[PDB]
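So basically every Cβ, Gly included, is an ideal-geometry build from the backbone, and we count neighbours across all protein chains shown. Rule-based calculations on the coordinates, nothing more; no lab input.
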Amino acid sequence: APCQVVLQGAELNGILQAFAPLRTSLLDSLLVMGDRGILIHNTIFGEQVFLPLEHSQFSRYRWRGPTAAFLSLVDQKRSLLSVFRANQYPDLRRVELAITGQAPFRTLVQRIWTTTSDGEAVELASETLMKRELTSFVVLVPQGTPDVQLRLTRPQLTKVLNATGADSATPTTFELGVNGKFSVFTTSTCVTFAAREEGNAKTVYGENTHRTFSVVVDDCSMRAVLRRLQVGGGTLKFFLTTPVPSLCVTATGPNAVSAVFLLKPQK
Amino acid sequence: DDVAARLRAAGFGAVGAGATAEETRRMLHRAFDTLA
């Protein structure tokens, strides 16, 4: 088959770990496959959510032809990402994805194998799901380099999230001050750390920590979303120049998800 | 929709629909880069 993707041993373990903290958050999503890997996109509480699976994270990844997108759900209660669900497949041994055909009529056939067989004779052990690509699909994805980056530890991200506002009547400001003082606050909450360029729990590390800014987040769904994705720690990436500023929070780890929030436009 | 307009004003690149195959192929690579 022209397009083949295999998850076995180590890499299957890696994907399984990537999904653990995510629980059911991405079961209903858009699978965007191409030569770079699988980009899983969603919307949570209205916010843009992405989970990139670099091709290098699979046991085998072979892609040819135009990029292809699939709805993860083959039916209301079943999804192409259900295998990776925490403990739904106890004896899980192998997962294979095969895309056959030609745009816009390619088909995705997902085959699963448990510790009840040997190899991948296909016909043998299994559970299989099939999905037709989308003929037409659109996805707006982030790009470009962030103007500032602040890596935060688990407890640090938690302090921040606890500071962010949760309603239209309580704006939140992310401010990188003169001295490299990073602060997040509302009219009833405040938290601050000391930047410092990455060459003591109040010290956060980042890139271009000299570029000050005072951005405000809209109605701020940050806490709800990140709490839902159970993000441990993460890196805050600020895109300050585009007409609409944006803050992307990428989780710390190997195959971490990212949530992108829009900041109020300035000037 | 109002969100697509907001996302476009935020710098988001289009993948699929109104783009050539090489264009969305380039966009996905950029998304993974910035998303990394």
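Can you confirm whether the stretch A:79-90 contains a residue that is of a type outside the set (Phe, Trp, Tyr), surrounded by fewer than 17 Cβ atoms within 10 Å (Cβ to Cβ) and part of a strand (DSSP E or B)? No - not one qualifying residue is present in the stretch A:79-90.
A single member of A:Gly199, A:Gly232 is surrounded by fewer than 18 Cβ atoms within 10 Å (Cβ to Cβ) and either within 13 Å of chain B (Cβ to nearest Cβ) or within 22 Å of A:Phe19 (Cα to Cα) (or both), and it is A:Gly232.
Scanning the stretch A:17-43 for residues that are within 14 Å of chain B (Cβ to nearest Cβ) and assigned to a helix (DSSP H, G or I) yields one hit, A:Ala18.
Among the residues examined, A:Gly165 does not qualify as over 30 Å from A:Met33 (Cβ atoms) and over 25 Å from the mean Cα position of the chain (by Cα).
Residues in the stretch A:253-267 that are more than 8 Å from every other protein chain (Cβ to nearest Cβ) and farther than 19 Å from A:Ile38 by Cα: A:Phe261, A:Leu263, A:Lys264, A:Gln266, A:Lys267. Any residue at all in the stretch A:123-133 that's within 14 Å of chain B (Cβ to nearest Cβ), part of a strand (DSSP E or B) and out of contact with any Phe, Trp or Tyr (no Cβ under 8 Å at 6 or more places or on another chain)? Checking the stretch A:123-133: not a single residue is within 14 Å of chain B (Cβ to nearest Cβ), part of a strand (DSSP E or B) and out of contact with any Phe, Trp or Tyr (no Cβ under 8 Å at 6 or more places or on another chain).
When the stretch A:165-196 is filtered for residues that are exposed (fewer than 13 other Cβ atoms within 10 Å of the Cβ) and closer than 28 Å to A:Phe45 by Cα, the ones remaining, listed by number, are A:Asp167, A:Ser168, A:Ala169, A:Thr187, A:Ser188, A:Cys190. Among the residues making up the stretch A:138-171, those that are among the polar types (S, T, N, Q) and either in a loop (DSSP other than H, G, I, E, B) or within 18 Å of A:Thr209 (Cα to Cα) (or both) are A:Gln143, A:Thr145, A:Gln149, A:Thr153, A:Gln156, A:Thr164, A:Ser168, A:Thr170.
Within the stretch A:44-78, if we keep just the residues that are charged (D, E, K, R) and outside any loop (DSSP other than H, G, I, E, B), the residue that is surrounded by the most Cβ atoms within 10 Å (Cβ to Cβ) turns out to be A:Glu47.
All of (1) more than 14 Å from chain B (Cβ to nearest Cβ); (2) over 26 Å from A:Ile38 (Cβ atoms) hold for A:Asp219 with one exception: (1).
For residues that are touching a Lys or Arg at 6+ places or on another chain (Cβ under 9 Å) and under 12 Å from A:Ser72 (Cβ atoms), scanning just the stretch A:20-42, find the one that is surrounded by the most Cβ atoms within 10 Å (Cβ to Cβ). Across the stretch A:20-42, the extreme among qualifying residues is A:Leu31.
Pairing residues of the stretch B:9-29 that are on the phi > 0 side of the Ramachandran plot and facing chain A (nearest Cβ under 7 Å) with residues that are part of a helix (DSSP H, G or I) and crowded, with 17+ Cβ neighbours inside 10 Å, at Cβ distances under 6 Å and at least 6 apart in sequence or on separate chains, gives B:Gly16/B:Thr24. In the stretch A:5-16 there is no residue that is assigned to a loop (DSSP other than H, G, I, E, B), surrounded by fewer than 20 Cβ atoms within 10 Å (Cβ to Cβ) and of a type outside the set (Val, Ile, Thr).
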